[PDB]
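Q: Pasting an experimental structure, sequence included:
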Amino acid sequence: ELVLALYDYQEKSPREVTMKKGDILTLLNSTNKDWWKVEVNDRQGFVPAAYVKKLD
């Protein structure tokens, strides 16, 4: 349910969100292997699964 951003990522498309290294994001949906939907600063969208780490 929470994930740590391991790298910066800037949205490159409408369904994407931007994040900074060290940001703590709310994990909305990780059914897809490559793209995870998250919430950052009351924005929602996708980031690469590999660029974040679950906390549990």
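A: Thanks, I have it. Residues are numbered from 1 along each chain as shown.

Q: element containing residue 28, please.
A: Element membership of residue 28 [criterion: DSSP states H and E] is strand 24-29.

Q: can you give me the helices for this structure?
A: Counting by DSSP state H, the chain has no helices at all.

Q: Please enumerate the strands of this protein.
A: Assigned by DSSP state E, the strands in the chain fall at 2-5, 24-29, 35-40, 43-48, 52-54.

Q: so which of these is the most packed in?
A: strand 35-40 (a mean of 18; mean count of other CB atoms under 10 Å). To be clear about C-beta, it is placed using only N, CA and C from the backbone, and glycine gets the same treatment.

Q: quick one: that one to chain centroid distance?
A: Computed by CA atoms, centre = their mean, to the nearest Å, the chain-centroid distance of strand 35-40 equals 4 Å.

Q: That strand packs against which elements?
A: Counting by 3 or more CB pairs under 8 Å, 6 or more residues apart in numbering; DSSP states H and E, the packing neighbours recorded for strand 35-40 are strand 24-29, strand 43-48.

Q: right, and the ones you listed - which one's nearest residue 54?
A: Residue 54 lies closest, by CB to CB, to one member of these: strand 24-29, at 7.1 Å.

Q: rewinding a little: who are the packing partners of the strand holding residue 28?
A: Against strand 24-29 (3+ CB pairs under 8 Å, 6+ apart) you get strand 2-5, strand 35-40.
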